[PDB]
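Trainee: Submitted below is the structure of interest, expressed as structure tokens.
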Amino acid sequence: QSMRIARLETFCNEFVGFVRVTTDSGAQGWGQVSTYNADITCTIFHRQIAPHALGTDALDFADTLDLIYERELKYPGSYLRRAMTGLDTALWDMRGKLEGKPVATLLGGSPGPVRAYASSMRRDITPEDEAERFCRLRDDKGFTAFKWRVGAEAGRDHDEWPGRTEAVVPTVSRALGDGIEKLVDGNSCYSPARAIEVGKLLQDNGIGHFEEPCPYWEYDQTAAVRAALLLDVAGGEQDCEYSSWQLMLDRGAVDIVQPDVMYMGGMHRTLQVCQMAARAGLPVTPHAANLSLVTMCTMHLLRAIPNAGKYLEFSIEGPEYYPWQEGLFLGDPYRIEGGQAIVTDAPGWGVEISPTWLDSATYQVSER
Amino acid sequence: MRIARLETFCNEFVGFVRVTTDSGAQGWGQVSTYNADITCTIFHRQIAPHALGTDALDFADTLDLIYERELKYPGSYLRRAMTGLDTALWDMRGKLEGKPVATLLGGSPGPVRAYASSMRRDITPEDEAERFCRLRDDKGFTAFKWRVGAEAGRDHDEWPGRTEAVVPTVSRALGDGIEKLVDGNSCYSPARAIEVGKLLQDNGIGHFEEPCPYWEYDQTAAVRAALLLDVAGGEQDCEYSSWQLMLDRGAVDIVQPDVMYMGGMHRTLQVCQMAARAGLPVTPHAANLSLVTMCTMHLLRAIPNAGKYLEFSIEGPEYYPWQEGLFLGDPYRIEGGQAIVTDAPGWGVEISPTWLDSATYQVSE
């Protein structure tokens, strides 16, 4: 039997906003807006997403997300997308629970394991400290791929401190040893000449993935780096509109595309990027930088797409660095064994948001 | 001289910004209209923390820095907020120097020819024609823009036959000697925009705005290639990467940045220099009588590659109730189809104290 959206609810703090969708049948599901400035994003959700989605088809909604952008066509770019994600993800979870299927199954895949890479978010850490914590994760959790940071974020060629990059690259790589894949992210730091310099040191050290080596909005700079290096230049975390994915691909900027489900506007839109990459003959290694729902959406997506890259981004930062992601979910949905996460048979996203966190979150509702 | 304080005053529709320097020098700007309340929350969250304490007299690089610190946030809302900083600072420096902003930018005070711009699709051809004839005769406008298709309508018109009727009805009413423009607001596929464009050219319309979805640069380019009239666009482009793709695909004959959607005067100047390198004129978008229109007037008095005319919204206080009484005096007075940038320092505008008194207030310092 067919059904329409009846109610959309958000529960937020500054860091995270969950969305609950209710159909005319009473069927429910839970999703999430992009993390960060989540409170502004939920104000936006109720202003600019909910009015267009109420009363629409709860089970076939790809066209509705296009209609939303057409009605709000004055607002291209990140915050509309950040908000749209909360609608898309709640509806996949809704349909998954109604059908008794994980979202990965709805998408043509199936539950199972996903190989992960251990991802450090920090530049404030020393080479020795990064190496030591990586060694422990390699030995105790079985990770066999690791990503750390070079340069300074949007640093205009300046390093985090002088000599950090020169040290962090060989130090972490020699500690991790043979048989381990290595990735680094420059987060927009370098001009192409310097990124090529740094990129030859990465190659000497066996690092096969150099993410966002140049300002991400200078596509020709990134393409210059990709043309000169043999390692894979990867990028796209902050790209959220199809026109910029297009220019990226047209210019041959990257070897590997890295949309982020939550910055993109949700699964339908990320799938559109994967299919653009597939046409260009490129793998998808999505960005997921915290243990909000973004990591579980990424896992379901990697279980389903035909052109997945090597691994899931898995943030290894603890409660000291993301205190706000502790207690979001019940159970242990992000358990790692042998360097792998698991998509279970549980319907929808397979995760249960704790009622403790919901209880003291900011509530807002739209209905009719 | 460093930036010491930034205040916003808003409702849902508009938000003004007051900047104060360490010297006490002040200026007033405005964030983009629409959802202005959300924009001002953003301004305090993501613009003000980066701008407090920096050089109030040389701030082009500080706007680039802000984007770099907020790099996860590309696209409209960040720029809507950033215009507030940019415009308040230009007004501030115009007041310190006793010069109009137009003068700071290399131009001077003086008249700007305007086009009367209708925002409505819910108006009949006869009614549109009738109000335009009155504006033509009473206010001296010699150029007019009206609407075709339905906004983002996927080839559907507002009602069947509206475009077929409104094009010749308004053009015949307006008569000889009058420049004519329409805006498709992203309605059409290229084939259909071409058909419509042939009707426009039959009726002497020389400006076809945003014939296809603005984000389909190749469709827009196919339309431009096939028609002899000028295809214009770019109102919703706020990042350089998208303007650069637009210019690369040869999408448009004429660029139409909006100062407030762009993130303000420095960034819109950057678009003007991109267009000037591509050999194209700039006819900016300004769709209401908030401060956007006056910013555009100063920019048109200064740039070397201006198009023919200032977009001038002719909708009355019944369509835009919130813009009535924003400013003292009559800054948007039209005579002979021309607006005037005066010799008054900064933007040359005073915001209503009563409006500010009732506004939502927020401060960062």
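In the structure tokens, the first chain shown is A, the next is B, and so on; residue numbers restart at 1 for each chain, and ligands run from 1 in the order shown.
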Considering only C-alpha atoms, extract the chain B residues located within 10 Å of chain A and return them as an mmCIF file with N, CA, C and O atoms, in the first residue's frame.
Mentor:
data_model
loop_
_atom_site.group_PDB
_atom_site.id
_atom_site.type_symbol
_atom_site.label_atom_id
_atom_site.label_comp_id
_atom_site.auth_asym_id
_atom_site.auth_seq_id
_atom_site.Cartn_x
_atom_site.Cartn_y
_atom_site.Cartn_z
ATOM 1 N N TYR B 34 16.137 37.655 2.460
ATOM 2 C CA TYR B 34 15.404 36.416 2.537
ATOM 3 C C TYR B 34 16.002 35.518 3.528
ATOM 4 O O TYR B 34 17.220 35.187 3.431
ATOM 5 N N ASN B 35 15.184 34.959 4.426
ATOM 6 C CA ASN B 35 15.761 34.159 5.471
ATOM 7 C C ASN B 35 16.942 34.810 6.203
ATOM 8 O O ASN B 35 17.942 34.156 6.654
ATOM 9 N N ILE B 38 18.163 33.599 9.592
ATOM 10 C CA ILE B 38 19.082 32.481 9.560
ATOM 11 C C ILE B 38 20.468 32.986 9.160
ATOM 12 O O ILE B 38 21.422 32.705 9.793
ATOM 13 N N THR B 39 20.499 33.815 8.130
ATOM 14 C CA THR B 39 21.780 34.469 7.740
ATOM 15 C C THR B 39 22.515 35.206 8.885
ATOM 16 O O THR B 39 23.806 35.176 8.995
ATOM 17 N N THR B 41 22.287 34.576 12.125
ATOM 18 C CA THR B 41 22.826 33.575 13.055
ATOM 19 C C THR B 41 24.173 33.032 12.518
ATOM 20 O O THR B 41 25.094 32.895 13.201
ATOM 21 N N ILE B 42 24.198 32.808 11.211
ATOM 22 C CA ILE B 42 25.398 32.388 10.489
ATOM 23 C C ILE B 42 26.498 33.432 10.546
ATOM 24 O O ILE B 42 27.611 33.108 10.681
ATOM 25 N N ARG B 45 28.041 33.208 13.868
ATOM 26 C CA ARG B 45 28.706 31.895 14.043
ATOM 27 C C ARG B 45 29.971 31.796 13.207
ATOM 28 O O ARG B 45 30.967 31.331 13.678
ATOM 29 N N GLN B 46 29.994 32.356 11.999
ATOM 30 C CA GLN B 46 30.984 31.945 11.009
ATOM 31 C C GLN B 46 31.615 33.109 10.252
ATOM 32 O O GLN B 46 32.580 32.895 9.507
ATOM 33 N N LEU B 65 40.297 34.549 3.636
ATOM 34 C CA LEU B 65 40.536 33.828 4.872
ATOM 35 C C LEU B 65 39.318 33.296 5.550
ATOM 36 O O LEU B 65 39.338 32.132 6.048
ATOM 37 N N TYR B 67 36.557 32.349 4.177
ATOM 38 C CA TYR B 67 36.116 31.186 3.442
ATOM 39 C C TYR B 67 37.054 30.017 3.785
ATOM 40 O O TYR B 67 36.543 28.917 4.067
ATOM 41 N N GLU B 68 38.400 30.242 3.777
ATOM 42 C CA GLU B 68 39.359 29.162 4.138
ATOM 43 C C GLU B 68 39.163 28.588 5.489
ATOM 44 O O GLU B 68 39.279 27.385 5.621
ATOM 45 N N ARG B 69 38.751 29.395 6.475
ATOM 46 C CA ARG B 69 38.510 28.829 7.852
ATOM 47 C C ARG B 69 37.143 28.129 7.845
ATOM 48 O O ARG B 69 36.925 27.237 8.628
ATOM 49 N N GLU B 70 36.214 28.547 6.949
ATOM 50 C CA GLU B 70 34.888 27.914 6.906
ATOM 51 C C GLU B 70 34.769 27.061 5.569
ATOM 52 O O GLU B 70 33.704 27.043 4.909
ATOM 53 N N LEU B 71 35.838 26.409 5.178
ATOM 54 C CA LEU B 71 35.903 25.786 3.855
ATOM 55 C C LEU B 71 34.871 24.638 3.638
ATOM 56 O O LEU B 71 34.589 24.256 2.550
ATOM 57 N N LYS B 72 34.366 24.103 4.726
ATOM 58 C CA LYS B 72 33.338 23.066 4.675
ATOM 59 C C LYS B 72 31.952 23.603 4.263
ATOM 60 O O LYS B 72 31.050 22.855 4.125
ATOM 61 N N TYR B 73 31.823 24.916 4.214
ATOM 62 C CA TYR B 73 30.585 25.602 3.962
ATOM 63 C C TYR B 73 30.474 26.398 2.611
ATOM 64 O O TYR B 73 30.163 27.521 2.619
ATOM 65 N N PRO B 74 30.815 25.782 1.487
ATOM 66 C CA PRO B 74 30.736 26.579 0.247
ATOM 67 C C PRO B 74 29.257 26.889 -0.123
ATOM 68 O O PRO B 74 28.332 26.071 0.186
ATOM 69 N N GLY B 75 29.012 28.011 -0.764
ATOM 70 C CA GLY B 75 27.714 28.196 -1.456
ATOM 71 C C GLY B 75 26.935 29.345 -0.730
ATOM 72 O O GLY B 75 27.584 30.177 -0.066
ATOM 73 N N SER B 76 25.636 29.403 -0.887
ATOM 74 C CA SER B 76 24.925 30.588 -0.635
ATOM 75 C C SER B 76 24.889 31.227 0.769
ATOM 76 O O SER B 76 25.175 32.375 0.877
ATOM 77 N N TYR B 77 24.589 30.479 1.810
ATOM 78 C CA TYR B 77 24.364 31.108 3.093
ATOM 79 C C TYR B 77 25.603 31.825 3.627
ATOM 80 O O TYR B 77 25.472 32.859 4.101
ATOM 81 N N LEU B 78 26.780 31.245 3.479
ATOM 82 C CA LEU B 78 28.007 31.878 3.937
ATOM 83 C C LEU B 78 28.221 33.186 3.200
ATOM 84 O O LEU B 78 28.609 34.124 3.775
ATOM 85 N N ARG B 80 25.759 34.968 1.693
ATOM 86 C CA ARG B 80 24.724 35.938 2.117
ATOM 87 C C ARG B 80 25.168 36.707 3.374
ATOM 88 O O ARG B 80 24.900 37.936 3.512
ATOM 89 N N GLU B 151 8.844 29.502 -12.999
ATOM 90 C CA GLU B 151 10.139 29.355 -12.340
ATOM 91 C C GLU B 151 10.497 27.874 -12.131
ATOM 92 O O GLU B 151 9.750 27.098 -11.487
ATOM 93 N N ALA B 152 11.641 27.486 -12.669
ATOM 94 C CA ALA B 152 12.075 26.098 -12.642
ATOM 95 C C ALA B 152 10.930 25.120 -13.073
ATOM 96 O O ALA B 152 10.745 23.994 -12.512
ATOM 97 N N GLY B 153 10.214 25.519 -14.123
ATOM 98 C CA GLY B 153 8.932 24.872 -14.355
ATOM 99 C C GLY B 153 9.066 23.622 -15.200
ATOM 100 O O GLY B 153 8.016 23.074 -15.610
ATOM 101 N N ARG B 154 10.285 23.190 -15.537
ATOM 102 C CA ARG B 154 10.423 21.980 -16.382
ATOM 103 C C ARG B 154 9.586 21.995 -17.728
ATOM 104 O O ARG B 154 8.858 21.018 -18.109
ATOM 105 N N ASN B 185 13.547 32.460 -15.674
ATOM 106 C CA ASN B 185 13.899 31.794 -14.386
ATOM 107 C C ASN B 185 14.044 30.244 -14.384
ATOM 108 O O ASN B 185 13.373 29.504 -13.623
ATOM 109 N N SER B 186 14.937 29.763 -15.225
ATOM 110 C CA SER B 186 15.263 28.305 -15.246
ATOM 111 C C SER B 186 14.138 27.372 -15.751
ATOM 112 O O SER B 186 14.171 26.164 -15.476
ATOM 113 N N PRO B 213 17.566 25.779 -16.712
ATOM 114 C CA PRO B 213 18.123 25.679 -15.324
ATOM 115 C C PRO B 213 19.572 26.189 -15.261
ATOM 116 O O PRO B 213 20.450 25.827 -16.097
ATOM 117 N N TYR B 214 19.744 27.177 -14.377
ATOM 118 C CA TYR B 214 20.960 27.897 -14.315
ATOM 119 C C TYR B 214 22.124 26.994 -14.072
ATOM 120 O O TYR B 214 23.231 27.311 -14.508
ATOM 121 N N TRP B 215 21.876 25.834 -13.478
ATOM 122 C CA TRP B 215 23.010 24.917 -13.157
ATOM 123 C C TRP B 215 23.348 23.993 -14.343
ATOM 124 O O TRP B 215 24.335 23.257 -14.285
ATOM 125 N N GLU B 216 22.532 24.019 -15.404
ATOM 126 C CA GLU B 216 22.826 23.295 -16.672
ATOM 127 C C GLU B 216 23.573 24.204 -17.649
ATOM 128 O O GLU B 216 22.973 24.777 -18.577
ATOM 129 N N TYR B 217 24.879 24.367 -17.500
ATOM 130 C CA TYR B 217 25.585 25.393 -18.236
ATOM 131 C C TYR B 217 25.581 25.060 -19.757
ATOM 132 O O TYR B 217 25.476 25.966 -20.598
ATOM 133 N N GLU B 235 22.651 35.244 -11.628
ATOM 134 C CA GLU B 235 22.052 35.687 -10.362
ATOM 135 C C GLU B 235 22.352 34.746 -9.188
ATOM 136 O O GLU B 235 22.733 35.202 -8.044
ATOM 137 N N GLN B 236 22.212 33.432 -9.412
ATOM 138 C CA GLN B 236 22.425 32.460 -8.274
ATOM 139 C C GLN B 236 23.842 31.845 -8.165
ATOM 140 O O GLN B 236 24.072 30.950 -7.337
ATOM 141 N N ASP B 237 24.784 32.323 -9.012
ATOM 142 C CA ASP B 237 26.182 31.863 -8.945
ATOM 143 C C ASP B 237 26.925 32.672 -7.877
ATOM 144 O O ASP B 237 26.995 33.863 -7.988
ATOM 145 N N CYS B 238 27.484 32.030 -6.841
ATOM 146 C CA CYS B 238 28.058 32.762 -5.785
ATOM 147 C C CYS B 238 29.525 32.278 -5.555
ATOM 148 O O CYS B 238 30.266 32.913 -4.824
ATOM 149 N N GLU B 239 29.960 31.226 -6.224
ATOM 150 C CA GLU B 239 31.335 30.768 -6.103
ATOM 151 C C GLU B 239 32.102 30.906 -7.438
ATOM 152 O O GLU B 239 31.572 30.681 -8.472
ATOM 153 N N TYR B 240 33.367 31.233 -7.363
ATOM 154 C CA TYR B 240 34.129 31.523 -8.534
ATOM 155 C C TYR B 240 34.185 30.292 -9.474
ATOM 156 O O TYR B 240 34.283 30.430 -10.638
ATOM 157 N N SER B 241 34.231 29.114 -8.897
ATOM 158 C CA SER B 241 34.303 27.897 -9.657
ATOM 159 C C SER B 241 33.107 27.769 -10.571
ATOM 160 O O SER B 241 33.270 27.384 -11.687
ATOM 161 N N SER B 242 31.919 28.091 -10.102
ATOM 162 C CA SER B 242 30.813 28.049 -11.025
ATOM 163 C C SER B 242 30.785 29.175 -12.125
ATOM 164 O O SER B 242 30.390 28.893 -13.279
ATOM 165 N N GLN B 244 33.425 30.334 -13.352
ATOM 166 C CA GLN B 244 34.541 29.924 -14.242
ATOM 167 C C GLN B 244 34.057 28.847 -15.223
ATOM 168 O O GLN B 244 34.372 28.936 -16.421
ATOM 169 N N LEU B 245 33.291 27.864 -14.768
ATOM 170 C CA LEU B 245 32.688 26.934 -15.659
ATOM 171 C C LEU B 245 31.707 27.595 -16.681
ATOM 172 O O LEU B 245 31.714 27.268 -17.860
ATOM 173 N N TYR B 261 24.078 38.119 -2.992
ATOM 174 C CA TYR B 261 24.262 36.643 -3.085
ATOM 175 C C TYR B 261 25.800 36.299 -3.266
ATOM 176 O O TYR B 261 26.218 35.198 -2.916
#
Trainee: Set the distance at 7 Å and use only C-alpha atoms: which residues neighbour residue 225 of chain A once local chain neighbours fewer than 5 positions away are removed? I'd like the list as a ChimeraX atom specification.
Mentor: /A:192,195-196
Trainee: Measure the distance from atom CA of residue 243 of chain B to atom CA of residue 251 of chain A in Å and round it to one decimal.
Mentor: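 Atom CA of residue 251 of chain A lies 15.4 Å from atom CA of residue 243 of chain B.
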Trainee: Taking only segment 47-244 of chain A into account, list the residues labelled strand (DSSP E or B) by DSSP (computed from the backbone), as number ranges by chain.
Mentor: A: 57, 77, 102, 112-119, 145-149, 181-185, 209-211, 232-235
Trainee: Any idea what's packed within 9 Å of residue 351 of chain A, counting only C-alpha atoms, ignoring anything in its chain fewer than 3 positions away? Could you give it as an NGL selection string?
Mentor: :A and (293 or 296 or 329-333 or 346-348)
Trainee: Between A:362, A:180, A:55, A:285, which residue has the minimum interatomic distance to residue 14 of chain A, considering only C-alpha atoms?
Mentor: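 Between A:362, A:180, A:55, A:285, the residue approaching residue 14 of chain A most closely is A:362.
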Trainee: Write out as a ChimeraX atom specification which residues come within 10 Å of segment 196-206 of chain B when counting only C-alpha atoms, dropping same-chain ones fewer than 3 positions away.
Mentor: /B:144-145,148-149,163-164,167-172,176,178-182,184,188,190-193,209,211,223-224,226-231
Trainee: Export, as a CSV table (one decimal), in the first residue's frame, the selected residues with N, CA and C atoms.
Mentor:
chain,number,residue,atom,x,y,z
B,144,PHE,N,12.4,47.7,-20.0
B,144,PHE,CA,11.4,46.9,-19.1
B,144,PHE,C,11.7,45.4,-19.2
B,145,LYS,N,11.7,44.7,-18.0
B,145,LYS,CA,11.8,43.3,-18.0
B,145,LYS,C,10.6,42.6,-17.4
B,148,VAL,N,8.6,35.1,-18.4
B,148,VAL,CA,8.1,34.1,-19.2
B,148,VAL,C,8.3,32.7,-18.5
B,149,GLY,N,7.6,31.7,-19.0
B,149,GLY,CA,7.6,30.4,-18.4
B,149,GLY,C,7.1,30.4,-17.0
B,163,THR,N,3.1,32.6,-22.0
B,163,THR,CA,4.3,33.2,-22.7
B,163,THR,C,4.0,33.7,-24.1
B,164,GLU,N,3.3,32.8,-24.9
B,164,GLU,CA,2.8,33.2,-26.3
B,164,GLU,C,2.0,34.6,-26.3
B,167,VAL,N,4.4,37.9,-24.3
B,167,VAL,CA,5.6,38.5,-25.1
B,167,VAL,C,5.1,39.6,-26.1
B,168,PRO,N,4.1,39.2,-27.1
B,168,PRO,CA,3.6,40.3,-28.0
B,168,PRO,C,2.7,41.3,-27.3
B,169,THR,N,1.9,40.9,-26.3
B,169,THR,CA,1.1,41.9,-25.7
B,169,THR,C,1.8,43.0,-25.1
B,170,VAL,N,2.8,42.7,-24.3
B,170,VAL,CA,3.6,43.8,-23.6
B,170,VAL,C,4.5,44.5,-24.6
B,171,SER,N,5.2,43.8,-25.5
B,171,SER,CA,6.0,44.5,-26.5
B,171,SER,C,5.2,45.5,-27.4
B,172,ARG,N,4.0,45.0,-27.9
B,172,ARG,CA,3.2,46.0,-28.7
B,172,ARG,C,2.8,47.2,-27.8
B,176,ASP,N,7.7,51.7,-29.8
B,176,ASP,CA,9.0,51.9,-30.3
B,176,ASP,C,9.9,52.6,-29.4
B,178,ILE,N,11.9,51.3,-27.1
B,178,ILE,CA,11.9,50.8,-25.7
B,178,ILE,C,12.7,49.5,-25.7
B,179,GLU,N,13.7,49.4,-24.9
B,179,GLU,CA,14.5,48.1,-24.8
B,179,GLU,C,13.7,47.1,-24.0
B,180,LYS,N,13.7,45.8,-24.3
B,180,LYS,CA,12.8,44.8,-23.7
B,180,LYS,C,13.7,43.7,-23.3
B,181,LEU,N,13.4,43.1,-22.1
B,181,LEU,CA,14.1,41.9,-21.5
B,181,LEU,C,13.0,41.0,-21.0
B,182,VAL,N,13.3,39.7,-21.1
B,182,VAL,CA,12.4,38.7,-20.2
B,182,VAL,C,13.4,37.8,-19.5
B,184,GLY,N,13.2,33.8,-18.0
B,184,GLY,CA,12.7,32.5,-18.0
B,184,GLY,C,12.8,31.8,-16.6
B,188,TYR,N,13.2,26.3,-19.0
B,188,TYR,CA,13.1,25.6,-20.2
B,188,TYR,C,14.2,24.6,-20.5
B,190,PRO,N,16.7,23.3,-23.6
B,190,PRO,CA,17.2,24.2,-24.8
B,190,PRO,C,16.2,24.3,-26.1
B,191,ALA,N,15.7,23.1,-26.5
B,191,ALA,CA,14.8,23.2,-27.7
B,191,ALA,C,13.6,24.1,-27.4
B,192,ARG,N,13.0,24.0,-26.3
B,192,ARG,CA,11.9,24.9,-26.1
B,192,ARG,C,12.3,26.4,-25.9
B,193,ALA,N,13.4,26.6,-25.1
B,193,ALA,CA,13.9,28.0,-24.9
B,193,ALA,C,14.2,28.6,-26.3
B,209,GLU,N,16.9,36.3,-20.2
B,209,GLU,CA,17.5,35.8,-18.9
B,209,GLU,C,17.2,34.4,-18.5
B,211,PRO,N,17.3,31.3,-19.4
B,211,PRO,CA,16.3,30.5,-20.2
B,211,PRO,C,16.2,29.1,-19.7
B,223,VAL,N,21.4,27.4,-26.1
B,223,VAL,CA,20.5,28.6,-26.4
B,223,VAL,C,21.2,29.9,-26.8
B,224,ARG,N,22.3,30.2,-26.2
B,224,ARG,CA,23.1,31.4,-26.5
B,224,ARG,C,23.6,31.2,-28.0
B,226,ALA,N,22.3,29.6,-30.4
B,226,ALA,CA,21.3,29.6,-31.5
B,226,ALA,C,20.5,30.9,-31.7
B,227,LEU,N,20.6,31.7,-30.7
B,227,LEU,CA,19.8,33.0,-30.8
B,227,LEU,C,20.7,34.2,-31.0
B,228,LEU,N,20.1,35.2,-31.6
B,228,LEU,CA,20.9,36.4,-31.9
B,228,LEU,C,20.7,37.3,-30.7
B,229,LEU,N,19.6,37.2,-30.0
B,229,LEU,CA,19.5,38.1,-28.8
B,229,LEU,C,20.6,37.8,-27.7
B,230,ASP,N,20.8,38.6,-26.7
B,230,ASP,CA,21.7,38.3,-25.6
B,230,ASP,C,21.1,37.3,-24.6
B,231,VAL,N,21.8,36.2,-24.3
B,231,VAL,CA,21.4,35.3,-23.2
B,231,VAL,C,22.2,35.8,-22.0
Trainee: Restricting the calculation to only C-alpha atoms: of B:162, B:156, B:277, B:50, which residue gets closest to residue 3 of chain B?
Mentor: B:50
Trainee: Just want the 9 Å neighbourhood of segment 130-145 of chain A, counted on only C-alpha atoms, with same-chain residues fewer than 2 positions away dropped. Output as a short mmCIF file (atom, residue, chain, number, x, y, z; two decimals) with N, CA and C atoms, in the first residue's frame.
Mentor:
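out10.cif, written as the output of this step:
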data_model
loop_
_atom_site.label_atom_id
_atom_site.label_comp_id
_atom_site.auth_asym_id
_atom_site.auth_seq_id
_atom_site.Cartn_x
_atom_site.Cartn_y
_atom_site.Cartn_z
N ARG A 115 35.98 -3.44 4.89
CA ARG A 115 37.34 -3.12 5.31
C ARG A 115 37.45 -1.60 5.59
N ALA A 116 38.11 -1.26 6.68
CA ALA A 116 38.19 0.18 7.07
C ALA A 116 39.64 0.63 7.04
N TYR A 117 39.84 1.94 6.92
CA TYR A 117 41.12 2.49 7.22
C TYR A 117 40.96 3.34 8.48
N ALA A 118 41.99 3.35 9.30
CA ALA A 118 42.01 4.13 10.55
C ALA A 118 42.39 5.55 10.17
N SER A 119 41.53 6.49 10.45
CA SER A 119 41.77 7.86 10.03
C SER A 119 42.01 8.82 11.25
N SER A 120 43.18 9.41 11.29
CA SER A 120 43.51 10.45 12.21
C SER A 120 42.98 11.78 11.65
N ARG A 122 43.96 14.70 13.16
CA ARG A 122 44.73 15.73 13.87
C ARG A 122 46.01 16.08 13.20
N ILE A 125 48.97 16.59 16.68
CA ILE A 125 49.74 15.47 17.15
C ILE A 125 51.17 15.34 16.56
N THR A 126 52.09 14.85 17.37
CA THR A 126 53.46 14.61 16.91
C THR A 126 53.58 13.32 16.09
N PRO A 127 54.63 13.22 15.29
CA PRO A 127 54.87 12.03 14.51
C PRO A 127 54.97 10.81 15.38
N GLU A 128 55.69 10.91 16.48
CA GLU A 128 55.84 9.82 17.39
C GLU A 128 54.58 9.39 18.06
N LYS A 147 45.30 6.65 7.61
CA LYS A 147 45.43 7.96 7.01
C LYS A 147 45.77 8.96 8.13
N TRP A 148 46.75 9.80 7.84
CA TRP A 148 47.12 10.94 8.69
C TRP A 148 47.28 12.23 7.87
N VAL A 168 56.61 13.59 9.68
CA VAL A 168 55.41 12.77 9.99
C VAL A 168 55.33 11.65 8.90
N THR A 171 58.24 8.96 9.56
CA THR A 171 58.06 8.36 10.88
C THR A 171 56.88 7.42 11.04
N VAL A 172 55.70 7.83 10.58
CA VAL A 172 54.50 7.01 10.73
C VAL A 172 54.63 5.76 9.79
N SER A 173 55.10 6.01 8.59
CA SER A 173 55.22 4.96 7.59
C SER A 173 56.21 3.84 8.05
N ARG A 174 57.40 4.22 8.56
CA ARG A 174 58.33 3.18 9.05
C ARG A 174 57.77 2.53 10.28
N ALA A 175 57.08 3.23 11.20
CA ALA A 175 56.51 2.52 12.36
C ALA A 175 55.48 1.50 11.88
N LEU A 176 54.65 1.87 10.86
CA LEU A 176 53.50 1.00 10.51
C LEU A 176 54.06 -0.24 9.82
N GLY A 179 53.22 -4.25 4.32
CA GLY A 179 51.92 -4.90 4.31
C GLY A 179 50.84 -3.93 4.77
N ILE A 180 51.14 -2.62 4.86
CA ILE A 180 50.08 -1.67 5.38
C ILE A 180 49.84 -0.62 4.31
N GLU A 181 48.58 -0.33 3.89
CA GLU A 181 48.32 0.74 2.93
C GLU A 181 48.33 2.06 3.75
N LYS A 182 48.78 3.12 3.10
CA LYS A 182 48.97 4.43 3.76
C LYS A 182 48.34 5.52 2.95
N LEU A 183 47.71 6.47 3.65
CA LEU A 183 46.98 7.52 3.00
C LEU A 183 47.39 8.77 3.76
N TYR A 311 38.29 0.93 0.90
CA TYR A 311 38.08 0.95 2.31
C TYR A 311 37.17 2.09 2.76
N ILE A 316 39.39 7.31 14.12
CA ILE A 316 39.88 6.62 15.33
C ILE A 316 40.00 7.59 16.53
N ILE A 336 34.88 -2.78 15.53
CA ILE A 336 35.86 -3.16 14.54
C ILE A 336 36.52 -4.46 14.98
N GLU A 337 36.57 -5.40 14.08
CA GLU A 337 37.30 -6.64 14.24
C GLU A 337 38.11 -6.93 12.98
N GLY A 338 39.38 -7.19 13.16
CA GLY A 338 40.24 -7.47 12.02
C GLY A 338 40.25 -6.35 10.97
N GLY A 339 40.15 -5.10 11.42
CA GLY A 339 40.22 -3.94 10.48
C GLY A 339 38.93 -3.77 9.69
N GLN A 340 37.85 -4.49 10.08
CA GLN A 340 36.61 -4.38 9.37
C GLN A 340 35.43 -3.96 10.27
#
Trainee: If you measure from atom CA of residue 185 of chain A to atom CA of residue 170 of chain A, what distance in Å do you get, rounded to one decimal?
Mentor: 14.9 Å
Trainee: Which one of B:328, B:129, B:269, B:232 sits closest to residue 349 of chain B if you count only C-alpha atoms?
Mentor: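 The closest residue to residue 349 of chain B is B:328.
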Trainee: So which residues touch residue 352 of chain B within 9 Å, counting only C-alpha atoms, skipping near sequence neighbours fewer than 6 positions away, as a PyMOL selection string?
Mentor: chain B and resi 325-328
Trainee: Please write the residues from the selection above to a file, keeping N, CA, C and O atoms, as a tab-separated table (two decimals), in the first residue's frame.
Mentor:
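Saved the output as result-v8.tsv:
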chain	number	residue	atom	x	y	z
B	325	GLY	N	9.72	51.60	4.05
B	325	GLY	CA	10.28	52.17	5.32
B	325	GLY	C	11.59	51.59	5.83
B	325	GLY	O	11.90	51.65	7.07
B	326	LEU	N	12.39	50.97	4.95
B	326	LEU	CA	13.71	50.55	5.50
B	326	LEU	C	14.58	51.77	5.64
B	326	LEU	O	15.36	51.80	6.53
B	327	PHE	N	14.51	52.71	4.69
B	327	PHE	CA	15.42	53.88	4.65
B	327	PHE	C	14.63	55.23	4.80
B	327	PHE	O	13.46	55.27	4.44
B	328	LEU	N	15.29	56.25	5.31
B	328	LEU	CA	14.78	57.62	5.36
B	328	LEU	C	14.92	58.21	3.96
B	328	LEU	O	15.78	57.74	3.11
Trainee: List the neighbours of residue 249 of chain A out to 9 Å using only C-alpha atoms; skip same-chain residues closer than 5 positions along the sequence, and give me the result as number ranges by chain.
Mentor: A: 244, 254, 276-277, 280
Trainee: What is the atom CA of residue 98 of chain B to atom CA of residue 359 of chain B distance in Å?
Mentor: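 Interatomic distance, atom CA of residue 98 of chain B to atom CA of residue 359 of chain B: 28.4 Å.
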Trainee: For residue 49 of chain A, which of A:4, A:200, A:81, A:209 is the closest residue, counting only C-alpha atoms?
Mentor: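 For residue 49 of chain A, the nearest of the candidates is A:81.
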Trainee: Running DSSP on the backbone, which parts of segment 8-249 of chain A land in alpha helix (DSSP H), as JSON, numbers by chain?
Mentor: {"A": [38, 39, 40, 41, 42, 43, 44, 50, 51, 52, 53, 62, 63, 64, 65, 66, 67, 68, 69, 70, 71, 78, 79, 80, 81, 82, 83, 84, 85, 86, 87, 88, 89, 90, 91, 92, 93, 94, 95, 96, 97, 98, 99, 103, 104, 105, 106, 127, 128, 129, 130, 131, 132, 133, 134, 135, 136, 137, 138, 139, 140, 141, 164, 165, 166, 167, 168, 169, 170, 171, 172, 173, 174, 175, 176, 192, 193, 194, 195, 196, 197, 198, 199, 200, 201, 202, 203, 204, 219, 220, 221, 222, 223, 224, 225, 226, 227, 228, 242, 243, 244, 245, 246, 247, 248, 249]}
